[PDB]
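Heads up: the protein sequence lines correspond to chains V, U, G, Z, S, F and P, in order. Here the entry's author numbering is used: the first residue of the first sequence is 24, the next is one more, and so on. Here the entry's author numbering is used: the first residue of the second sequence is 24, the next is one more, and so on. Here the entry's author numbering is used: the first residue of the third sequence is 284, the next is one more, and so on. Here the entry's author numbering is used: the first residue of the fourth sequence is 336, the next is one more, and so on. Here the entry's author numbering is used: the first residue of the fifth sequence is 232, the next is one more, and so on. Here the entry's author numbering is used: the first residue of the sixth sequence is 76, the next is one more, and so on. Here the entry's author numbering is used: the first residue of the seventh sequence is 440, the next is one more, and so on. Where is the CB? At the ideal position from N, CA and C, for every residue including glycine. Single-structure report; data block below.
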Amino acid sequence: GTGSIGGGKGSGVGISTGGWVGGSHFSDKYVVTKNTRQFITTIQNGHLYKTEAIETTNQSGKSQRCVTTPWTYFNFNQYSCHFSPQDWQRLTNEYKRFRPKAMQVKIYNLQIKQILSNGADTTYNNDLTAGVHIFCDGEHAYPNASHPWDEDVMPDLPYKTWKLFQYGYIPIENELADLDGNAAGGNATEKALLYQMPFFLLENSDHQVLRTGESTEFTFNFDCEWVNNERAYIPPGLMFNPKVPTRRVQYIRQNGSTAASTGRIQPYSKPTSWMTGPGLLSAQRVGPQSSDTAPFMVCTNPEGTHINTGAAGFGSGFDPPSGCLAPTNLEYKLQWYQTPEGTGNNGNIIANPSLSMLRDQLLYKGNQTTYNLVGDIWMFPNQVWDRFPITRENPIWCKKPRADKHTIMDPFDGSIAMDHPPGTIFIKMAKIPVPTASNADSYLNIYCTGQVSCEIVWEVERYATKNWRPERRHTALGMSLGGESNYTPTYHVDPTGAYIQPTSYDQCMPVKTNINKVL
Amino acid sequence: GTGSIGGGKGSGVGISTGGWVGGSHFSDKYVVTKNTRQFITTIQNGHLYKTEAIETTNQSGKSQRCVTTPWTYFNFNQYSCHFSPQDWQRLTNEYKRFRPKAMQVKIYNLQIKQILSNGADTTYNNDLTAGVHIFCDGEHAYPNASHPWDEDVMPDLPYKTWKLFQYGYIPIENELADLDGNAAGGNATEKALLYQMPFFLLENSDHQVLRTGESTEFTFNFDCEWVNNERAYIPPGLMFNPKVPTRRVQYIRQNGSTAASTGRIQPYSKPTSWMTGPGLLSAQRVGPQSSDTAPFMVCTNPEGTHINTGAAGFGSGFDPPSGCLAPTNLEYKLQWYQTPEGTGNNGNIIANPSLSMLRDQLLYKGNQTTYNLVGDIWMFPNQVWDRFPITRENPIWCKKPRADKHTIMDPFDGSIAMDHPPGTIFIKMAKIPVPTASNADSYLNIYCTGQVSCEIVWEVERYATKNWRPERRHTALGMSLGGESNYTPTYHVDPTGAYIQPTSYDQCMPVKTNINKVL
Amino acid sequence: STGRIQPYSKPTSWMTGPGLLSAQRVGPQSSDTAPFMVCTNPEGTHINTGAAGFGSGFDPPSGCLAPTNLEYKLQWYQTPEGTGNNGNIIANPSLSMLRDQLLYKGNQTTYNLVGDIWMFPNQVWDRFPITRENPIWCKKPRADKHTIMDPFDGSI
Amino acid sequence: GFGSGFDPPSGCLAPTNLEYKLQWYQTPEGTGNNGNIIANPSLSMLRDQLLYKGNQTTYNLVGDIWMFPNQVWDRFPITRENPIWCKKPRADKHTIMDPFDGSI
Amino acid sequence: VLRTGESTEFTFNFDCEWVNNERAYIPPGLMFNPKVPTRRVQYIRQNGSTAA
Amino acid sequence: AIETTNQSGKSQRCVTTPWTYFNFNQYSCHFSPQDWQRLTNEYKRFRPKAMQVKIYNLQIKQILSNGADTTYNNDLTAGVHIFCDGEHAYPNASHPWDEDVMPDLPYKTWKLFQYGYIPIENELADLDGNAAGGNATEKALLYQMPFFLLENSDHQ
Amino acid sequence: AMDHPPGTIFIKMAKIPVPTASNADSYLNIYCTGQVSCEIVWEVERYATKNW
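In C-alpha cells, the structure reads:
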C-alpha cells in the first residue's frame, strides 16, 4: 500500500525529505524495528553556557555544580523506544537471546518557525532560511548527555511529540571544592581541582547545519553481547542425581557434647562447586527523600575524609546494591515510575522475582549450631549468576567508564555496559541575532520541529527445548484494567486519550521468565 | 550425539532395521514431528472372521451387526499423537495456520515371540521364521478401520506401549433387517438388504510379510486445507465506524398504539450483510446413557417409517448439533475423557468458549415487541463462521463419504474432512497352523512387538499483526496440580508414574484463542 | 447424567441431506397440485389461495429424504395413453443408504421426524437413481446466484 | 448491545412489507418521509420470489426459506446510489456470498 | 509524507465478478411448453371425503 | 518427593527414568596406577585431546525365573537404545565424585546406574505451605517445572 | 570446569511388551551386557629444569 511519489527528485521548500517509517519485521535470525517520532526543540539558556553551584547546606540536598548548554540531545536508550508491547511480547516469547546489530537514525522534514508574541496570543510563521545545528558525538569526546533511567527518552507511543531536554554536565565534584571551606585548612587541592576543571563547548567541533529542505542521517554498527532470555529451572547446586551415592566424606568437628563424626555425604545433598553470585545486603538507606539515600555511597575524596556523615556532596549512591542476591527488603528492589507524573505509591513498578534460579541467590554461613545469612558476598571464584531480567521499560546500554582496570561489568539495573554505545545526537537551533542598540544580546525567538526515524536491526536467535511440558509465556491475561471508570486494559488508551501504563512488573514482560534452559 | 553404527550393512537376526526417532524441528515454513512407539499386536478372533448381531431389545441399547476380523490396525489420527504439549504450545502460540504436508511411517525392529503357557507361569521365546502381514489400504477399498474420537490412537507418551485394536466393520444397518420382523409385513426389502450385504476379507489383496529382520515403510503426501489459528476480536457485524452516519432508512410498521415511523438508522448500529452461521439448538438428548442419546438422529429407512420412537437401530446420532452457535446447554458442548478409565464427572473435558467472535453465534428473531432466539438456523447465504477450535486432543481428519452431492464440509467436532486421508495400516500375524488330529483348527500362540515411527512435515506459516497490545498466549500458569498428594503439574508424571491429564479445556491449548486477525 | 458414549452408537459428523416433507398436494387433478408452489409476485401477494396462475409447482419436494407418502414419489406413465393406475411407474427405494434419509429431533422423551430439512453443512446424499426412462439433462437457468444443483427428478 | 442487525432479511423474496425493502436517503439532511428512496420491484422474474406450502386444502406462504438445493435467484438490482463492494470477512467457512443490499 | 509540491499515486487491479444487467421475463418454472403433454403423474392422497 | 520433615534430611524431588548412563569422569578410569605415576613423574602438564568410545559385543539375555533357580537365554532380536547427549539438551546424568564411574580394575564388571534428575527445588514448593501465605509463586514454580523424556530425541 | 564436556551416553534396553489380559503393563525381563572401550589421546608436555 505504498504510493508512487510524484513531483521531481529535486530539493527545497515544498519537498519532503523523508516518509514516516514504523513497525517491526520478525524473522528467525533478525528483527527489524522502525520508529518515527515528531520532535520539538526550543532555545535553551538563552543561547548561553552557564554554570550553577548549589553550595549544599541541604537546601537542594547536596552540593552539585553543573554547566548547562544551549544544546539539546536525542536519547534513544530504552526498549520501549524500539518495541511495541506486542513486538516485545513476541521477542520475549519466541527468542532465547537478542542483540542490536545495526542502527540507522534519520532527522528530516525539519520546520523552523518564528514565535511572534503580541499580547495574549502568539503566532507561528516559517522562517525558511533558519538552520539547525546537528552533530553526533560518536567519539564520546564530550561528556555523555544521557544517563540510564532518565525521562528524556523517546516517547513510547509513536504519535506523541518528543520534547528534547537541555544538555548539561557536571564539570567537577562540587563538595571537593568548598571554596574557602575550612579556614585553618588552607585550601589548595581544592583550588587545584577548580583550576583544572574542564569546560566543554559543542562549538569546538564540526556540525551539520540543516535548513528545512535538508535532512541528515546517522548509522551505527553495534558490536554487542547478547541479552539472554532464558530461565534456570534449578540452581546449579541441584545438578546432581539424588539416587546416586557420592564418594565424598563429611567430617563434622566436635560440637559441645556431640562427638566428632565422619561419614559419607548423603546422596540427596551433594556438595556443589558453584557459589552464590556477588551482592551487598548489609547497608540500609539513609535520610529523607530529599538527599541521596542510597545504601552504599561511592565517594572519591582526595583529601582528609570528613564526608559529613551524610555523604555530603562526596560521591554518588550505588543502587541497587543487592546484585543477584535475593533482596531482603523493598529498598533493594529496582523501582521506577512509568510516568514523569508518578509520585508516591501511584504509578510505581517494583521488580519482582523472575522465578529464575540464577537470581535471588543467598549464602548462609554455618556456625556449629545453625546457618546465618551472609550479608556481603563479594566477587569470589566459581560464582555464576544471571543478569537482572530486563523489561521493555529498562535502559538498553550504559557506557563503560574509560579506566585502566575494571572487574566484570554487569550493571545491576540490567543495562548493557558498552565500550562505544551509539553516539548522542546533539541538536540546537542556530542563534539568530537581532540587531540591538545596546550590547545586550538579543536573539530571534524560534523553535524547530522535525521527524526522527530510528531503525535497528536486531540479531535474534530462537530456542529449541527437549522439555515435554508447556513453558510459561507472557499473555495479555496478566494485564489489568485502568483509566477512568477502569474499563481500559493496560496498553490501550483512556477515553481521555491517556495511555494506560503497566501497574506491575510482569505487565512489563521481563525476560528470563519463560524459556527454560538446562544448566 | 549420533554414534557411528558398527557392523555390516547386511540383514538378518541380530541387525536392527532402524533407530528410534523423536522430537520436533521448528522453522518458519515447516515443522517436522518425529515419533516412535513400541507396539504390541496379538492374535484376534482366533484367526477367524466372525459376525455378531445384537438383536436390539435394549439389551445392548440398539441393533448392531458387526463383522470382526483377525486383523489389527494403526490409528494415527489425533494431534497429541504428533505433538508434545511443549511443541503444541509453540505451534499455537507462534503460527497463524498449519497443515500436514508429507507423512512417512516405518514399521521395523519386529519381534515375534511364541507364547508358552505351562501351568501358572508363561514363557516367551523367539520364533525367528514367523512373519507378520502388513499392508496399507490407501485406496480405501475396505471399510475404514478408524473413526474420529476413538481410543485406539497412538499413545501420547513416547515410552508407553501401543496395543493395537481389532479391526471390524458394520456390514449392514441391522434394524433394517429385522429378519422375520412383522409377520403381516412379508419382509422382502429386508431380505434384499441381507442378500447384498457385503463381506470384506483383507486377504483379498496383496500384503507384505515381514520376518524379524525385515522392515516396511509407507509414505503419504497430504494435499490439505489449512487449520487456522486466529481469533476474531469482533463479530463481522461490528466492522463499521459508529461515528459515521449511514444513508440507510429503517421503517418500523405500526405496532399497536405506536404509529408507523421511518427514520435514519442510528450510526452506532449499522445493518450487516453477514448472517449467523448454521446450527441446530432445538433438539434435546433422549433416554438413558445406555442408548444412543444424540439430540438429532440421522436415519436411513427404505421402508415404512416406524423408528420405534427411540430411533431403534435406525440411524446414528448427530452430535454436537450446535455448529458454530453458542451452546445453550451442556448437552451441546463437545466433551470427552482424557483416559479410557474416565467415568462420570472424573476425567472429562468440556469445550469452553474460545472467545473468538466467529464462534458462539446467535440469531434473534424480532417480533414487534421483542427478540427471541432462533432455534434452528440452517445454511443461509452470507453466513461466515470459524471452525471449532481444535485442541491437541482432537482428531485431525475424517474421511469424506463418497457421495454424489455434499454441502460445505465443516465437521462440528473440528476434524478436517479429507477426500483421501492417510491409508490405514493393517497388521496381523501369520496364522501358524498346529498339526491336529481332528479337523478343528489349532494354531501356534504368538504375538508381535515392533517399533512404528511416524514422521510428518507440517507446512506452517507465522503471523504478523499491527496490533499494539500484547495478545493472549498459552502459558503453563494455566495448568493445575494433580496426582497423589496433588503436587504434580498437568503434563508431568505422578510419583506412581501416572501421567497427569489436563483437567480443563484451556489446558489442552485450543487454537483460535490467541492470535488476532482483523476481519 | 454424564458418561461415555456407547461404542455401538458413535456420533457422526454427517447430516441427513436436504428435503421438504411438510407440504401436501392441493386441489383436484385439474389444477397444479404440487405440494410446494414456487411463485414470483412483484405486487401485493394475493395468490388466490389456490396459487392462481402465480408460480409453478415444485415436485418432488422430498429430495433424498425417505418419502412418507405416495405423493412424494416420482411417478410417470410409460405411454401417452396411460391413465389412472394403468401404465404408471412409481419410483421405489433403491436400497442405497445415501437415499431415503430421515432426521429425527429429540425432545427429552422421544424422537420426532423433522419435516423440513434445509441445506445444512456436512450433508451428503446420492442423486435420485435414474432409470432408462428418465430425462438426461436439464438446462441450468441463467442466474446470478445458485445453490447446489441436484434436480430431484434426477436429470443433470 | 449483543450483536448487530441483519437487514434487509428478505433476500430475493418478495418483500411483504415496507420494513423488508431497502431504503435510504439521498441527502445527509434527509429525515422522515422527505428525501427517502424505497427500492421497488425490478419486474425481473428472478426477484420477488415466493414459496407456498400446500396443506391439503390450500397454499400458505412459507415465511423462512433457507438455502436449499436447486435455488436460483438474481442479485439485488443495484442503482447508481448503491455501494459497489463489501469486504468478505476473513473466516474459515462461508456460504454463498450475495449481500442483500447488492454490494459485491 | 507529502509537502505541497509532492504528489502520490495508488493503483489497484480488480479481480472481480461481474455485476449483471439482465432481466428474466419469466420465472425458471415457466420454461416449459404448455401444449406438450408430460409423462409425469400426480397422486393426490385422500382428502376428507375426496378420494385419493 | 521427600516432603522433608528431616526423615530423609531435606526436601528433594526427583524424577527417575528407565534409562541408565555411562560415567567416564575420573582419572582412575583412564590410568593404571603405573601409568598415573609415570604421568605425574615425567610431565609438567597434560590435557585430554581426543576421545573415542565404542559400545560393542552386545548381549541381550532373557531372564527366566522358575522357582529358586534362574536361567539366561539369548533373545537375538532384542535391541538396546543408545544415544549420546552432546548438546547437553537434557539434565546432566553425572555429578563429580559419584560412585557411578567406570571400574578401576579392567576385569571388574561395570553396572550402570539409573538416570534421574531434580526437576525443581522442592522446598520452594511447600504445596499448601503456610495457610496465610496464599501460595502463588510456589504454584508458579510447579506449573513451569520441566519434564524430560529421552524418547524425545533420536536413538540408535 | 568445561563449557562442553564429553556428552553422556545413555543406554536402556528396548521395552519388550508382553501380551496381557488386563491393561496393566507387563514386559519381558531382559538384561544387556556388552563391552565399552574408551580411548583418549592426551596432549602432554615434559619438563626441563635448571635445578641441580
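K214/V (DSSP reduced to helix, strand or coil): It is helical.
Take the Cβ of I257/U as the centre, count every other Cβ of all protein chains shown within 10 Å, and call the residue buried at 16 or more, exposed below. Under this definition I257/U is an exposed residue.
Answer yes or no: do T56/U and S47/U have a C-beta to C-beta separation smaller than 8 Å? Between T56/U and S47/U, the CB-CB gap stays under 8 Å.
Determine the direct distance from the alpha carbon of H163/U to that of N371/G, and round the result to whole angstroms. Looking at the two C-alpha atoms, the distance is approximately 41 Å.
Look up residue 543/V in the DSSP assignment and say whether it is helix, strand or coil. As shown, chain V starts at 24 and ends at 542. That puts residue 543/V outside it, with no answer to give.
State yes or no: is the beta carbon of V128/F nearer than 8 Å to at least one beta carbon in chain P? Chain P, which has a Cβ nearer than 8 Å to the Cβ of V128/F, makes this yes.
Measuring CA to CA, which of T519/U, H497/U, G520/U, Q530/U is closest to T513/U? Checked all of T519/U, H497/U, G520/U, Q530/U; the closest Cα to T513/U is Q530/U.
Length of the line joining the Cα atoms of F49/U and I469/U: Per the coordinates, the alpha-carbon of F49/U lies some 41 Å from the alpha-carbon of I469/U.
Extent of the continuous beta strand (DSSP E) to which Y466/V belongs: Counted as a single uninterrupted DSSP element, the stretch harbouring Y466/V is not any beta strand (DSSP E), since DSSP gives it neither H nor E.
Does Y470/U have its Cβ less than 8 Å from a Cβ in chain P? It does: the Cβ of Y470/U has a partner Cβ on chain P nearer than 8 Å.
According to DSSP, is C322/G part of a helix, a strand, or is it coil? Strand at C322/G.
By alpha-carbon positions, which one of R382/Z, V397/Z, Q358/Z, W359/Z ends up nearest to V407/Z? Minimum Cα distance to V407/Z is reached at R382/Z.
List the residues of chain U that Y514/V touches, going by C-beta distances under 8 Å, in chain order. Those are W491, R492, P493, listed as they occur along chain U.
First and last residue of the uninterrupted alpha helix (DSSP H) at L114/V: In the DSSP annotation of this structure, the continuous segment of the alpha helix (DSSP H) that includes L114/V starts and ends at 108-117.
DSSP beta-bridge partners for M126/V? Looking at the DSSP assignment, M126/V forms a beta bridge with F243/V, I479/V.
Need the endpoints of the alpha helix (DSSP H) that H105/U sits in, please. Where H105/U is concerned, the enclosing alpha helix (DSSP H) stretches over 102-105.
Within the stretch 38-65 of chain U, ranges of the beta strand (DSSP E) (whole runs, at least 3 residues): Within the stretch 38-65 of chain U, the complete beta strand (DSSP E) runs of at least 3 residues are 46-49, 53-65.
Any idea what DSSP makes of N68/V, helix, strand or coil? Assignment of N68/V by DSSP, reduced to helix, strand and coil, places it in the helix class.
Taking 8 Å as the cut-off, decide whether the C-beta atoms of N251/U and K119/U are in contact. In this structure, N251/U sits near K119/U, with a CB-CB distance shorter than 8 Å.
List the residues of chain U whose Cβ lies closer than 7 Å to the Cβ of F403/G, in chain order. Taking a Cβ-Cβ cut-off of 7 Å, the neighbours of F403/G in chain U comprise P301, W401, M402, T430, given in sequence order.
Quick one: is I450/P near chain U, going by C-beta distance under 8 Å? So, not an interface residue.
Any C-beta of chain P sitting closer than 8 Å to the C-beta of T95/F? Under the Cβ criterion of 8 Å, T95/F is counted among the residues facing chain P.
Answer with buried or exposed for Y291/U, where buried requires no fewer than 16 other C-beta atoms within 10 angstroms of its C-beta. By the neighbour-count definition (other C-beta atoms within 10 Å, threshold 16), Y291/U is an exposed residue.
By Cβ distance below 8 Å, which residues in the same chain neighbour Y466/V in space, the five residues on each side in sequence not counted? Closer than 8 Å at the Cβ level, and outside the excluded window around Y466/V, lie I66, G69, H70, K454, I455, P456, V457.
Should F222/V be labelled buried (16 or more other beta-carbon atoms within 10 Å of its own) or exposed? Its Cβ having fewer than 16 others within 10 Å, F222/V is exposed.
Measure the CB-CB distance between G398/G and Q307/U and report whether it falls below 8 Å. It is not a contact, given that the beta carbons lie outside the stated cut-off.
With a threshold of 16 other CB atoms inside 10 Å of the CB of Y387/Z, please say whether the residue is buried or exposed. It is buried - the Cβ of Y387/Z has at least 16 other Cβ atoms within 10 Å.
Using the Cα positions of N210/U and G327/U, report the straight-line distance between them to the nearest angstrom. The straight-line gap from Cα to Cα measures roughly 12 Å.
Residues of chain U with CB closer than 8 Å to the CB of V176/F, please, in chain order. Residues of chain U passing the Cβ test: none, with the nearest at roughly 20 Å.
Exposed or buried, which one is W401/G when buried takes at least 16 other CB atoms within 10 Å? By the neighbour-count rule (16 or more Cβ atoms within 10 Å), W401/G is buried.
Among the residues of its own chain, which have a CB less than 7 Å from the CB of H170/F, if the five just before and after it don't count? The beta carbon of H170/F sits closer than 7 Å to none of the beta carbons in its chain outside the five residues before and after it.
Less than 8 Å separating the beta-carbons of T414/U and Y522/U? With a cutoff of 8 Å on beta-carbon distance, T414/U and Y522/U are scored as not near each other.
List the endpoints of the continuous beta strand (DSSP E) containing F188/V. Element bounds for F188/V: 188-192.
What three-state label does DSSP hand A499/V in the structure shown? Secondary structure of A499/V (DSSP, three-state): helix.
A200/F beta carbon less than 8 Å from that of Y102/U: It is not a contact, given that the beta carbons lie outside the stated cut-off.
Given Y165/F, which residues of its chain have a CB within under 6 Å of its CB, disregarding the five upstream and five downstream residues? Once the five neighbours on either side are set aside, the close Cβ partners of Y165/F are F223.
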